[PDB]
Amino acid sequence: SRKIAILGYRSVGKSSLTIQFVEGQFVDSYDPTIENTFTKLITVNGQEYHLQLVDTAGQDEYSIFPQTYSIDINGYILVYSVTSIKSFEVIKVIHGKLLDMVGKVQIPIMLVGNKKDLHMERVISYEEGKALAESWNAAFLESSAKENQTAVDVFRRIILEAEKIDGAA
Ligand SMILES: Nc1nc2c(ncn2[C@@H]2O[C@H](COP(=O)(O)OP(=O)(O)O)[C@@H](O)[C@H]2O)c(=O)[nH]1
Ligand SMILES: [Mg+2]
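Cut-offs used in this document
Residues numbered from 1 in each chain as written, not as in the entry; some residues may be left out. Chains lettered and ligands numbered in written order. Heavy atoms only, no water. UniProt positions renumbered as here; feature names shortened; annotations may be inferred. Helix = DSSP H or I, 4+ residues; strand = E, 2+ residues; numbered from the N terminus. Buried < 20%, exposed > 50% of the residue type's maximum accessible area, 1.4 Å probe, protein only. Contact = heavy atoms within 4.5 Å. Pairing = 2+ DSSP bridges. Core = buried A, V, L, I, M, F, W, Y, C linked by side-chain atoms within 4.5 Å. Expected span 1.5 Å × (residues − 1). Axes fitted to C-alpha atoms, helices over the stretch in contact; angles between N-to-C directions. Salt bridge = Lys/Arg side-chain N within 4 Å of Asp/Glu carboxyl O.

## A short note on the UniProt feature "binding site: Mg(2+)" in the protein
Thought 1: According to UniProt, the "binding site: Mg(2+)" feature falls on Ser15 and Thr33. For the annotated residues, spread through 19 residues, the largest C-alpha to C-alpha distance comes to 6.8 Å, consistent with a single compact locus.
Thought 2: Note on placement: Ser15 falls in helix α1 (residues 14-22).
Thought 3: Overall, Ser15 belongs to the partly exposed group, its relative accessible area being 24%.
Thought 4: If we skip the residues at most four places from it in the chain, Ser15 touches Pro32, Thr33, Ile34 and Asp55.
Thought 5: Inspection of the secondary structure assignment puts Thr33 in the loop between α1 and β2 (36-44).
Thought 6: When its relative accessible area of 47% is taken as the criterion, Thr33 is described as partly exposed.

Structure follows, in structure tokens:
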């Protein structure tokens, strides 16, 4: 049982992949940007896995200081956009600090790149992102809400690293 926190700029497509991922199905999904908690129970290798993710925007991209973000999770999935130097740079910021705040051990970190159909432009480099995810020992993933297959790939790849990071902490 681990809850993964979602950190994605505005209209980055959080709610889109949150619904497409959790359900594992690309549905119409065309609502505003409401915050909430989601859940996804699945079995990997016969082993049960219960994940719960949240999409919030209290103040900052996610606010490091007390602001309803004092949840009790055990995961983190930051969504970076292949078009918003803002989405990926802030994600790298909130992380640096956040990490610095908890000063804990290796926790499940997932760097997912949403809005893949935009990658056609790819403003951020797969590398820079690689070195980043490698820095925190996180996994770098690039998918699209409008695409299930990609999502799925993010579901397995994450649970996987989730395993490694678990061995550490
Ligand atoms: N091109 C593209 N747009 C997406 C994708 N996922 C969501 N979006 C966009 O996200 C925008 C806002 O919806 P939403 O999912 O609520 O983003 P959120 O405000 O960050 O949660 C809409 O303009 C959607 O087109 C995607 O996979 N590809
Ligand atoms: Mg939203």
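## Here we look at the pairing of β2
Thought 1: Relative to strand β3 (residues 47-55), β2 is paired through nine bridges, and the arrangement is antiparallel. Paired with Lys40 across the two strands is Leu51, which belongs to β3.
Thought 2: Hairpin connection of β2 to β3: two residues between the antiparallel strands, including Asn45 at a positive phi of 70°.

## Observations concerning the nonpolar core
Thought 1: With 21 residues, the main nonpolar core has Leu17, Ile77, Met110, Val112 and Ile159 as its most contacted residues.
Thought 2: Of all elements in the fold, only β1 (2-8), α1, β3, β4 (75-81), β5 (109-114), β6 (139-142) and α4 (148-168) reach the threshold of two or more residues within this core.
Thought 3: Excluding residues that lie within four positions of it along the chain, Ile159 makes contacts with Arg2, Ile42, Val44 and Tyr49.
Thought 4: With 19 residues, the next largest nonpolar core counts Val82, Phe88, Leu98 and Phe140 among its residues.

## Observations concerning the environment of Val105
Thought 1: Turning to its location among the elements, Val105 is positioned in the loop between α2 (85-102) and β5.
Thought 2: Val105 gets classed as partly exposed once you look at its relative accessible area, which sits at 48%.

## Observations concerning α2
Thought 1: For α2, with 18 residues, the first-to-last C-alpha span of 26 Å sits near the 26 Å given by 1.5 Å per residue.
Thought 2: Tucked into the core, α2 has its buried residues touching β1, β4, β5 and α3 (126-136).
Thought 3: Two residues or fewer past α2, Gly103 is found with a positive phi of approximately 40°.

## Notes on the sheet that holds β1
Sheets are built from strands that pair by backbone hydrogen bonding, the pairs being arranged parallel or antiparallel.
Thought 1: The six strands are arranged β2-β3-β1-β4-β5-β6 in an open sheet whose pairing can be described as mixed. Whereas interior strands pair on both sides, the edge strands pair on one side only; in this sheet they are β2 and β6. Between one strand and the next, the sheet's axes are offset by a mean angle of 25°, whatever the strand orientation.
Thought 2: Where β4 and β5 come together, six bridges link them in parallel fashion. If you follow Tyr80 over to β5, its bridge partner there is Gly113.
Thought 3: Across the sheet, α4 is in contact with β1, β2, β3, β5 and β6; its angle to β5 comes to roughly 160°.

## Points about the pattern of salt bridges
Thought 1: If you walk through the whole model with that rule in mind, you get one salt bridge.
Thought 2: Of the charged contacts in the structure, one is a salt bridge between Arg122 and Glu142, with a shortest N-O distance of 2.5 Å. On the criterion of sequence distance, the pair formed by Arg122 in the loop between β5 and α3 and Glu142 in strand β6 is long-range, its members being 20 residues apart.
Thought 3: Assessed through its relative accessible area of 23%, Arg122 is described here as partly exposed.
Thought 4: For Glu142, a relative accessible area of 14% corresponds to the buried category.

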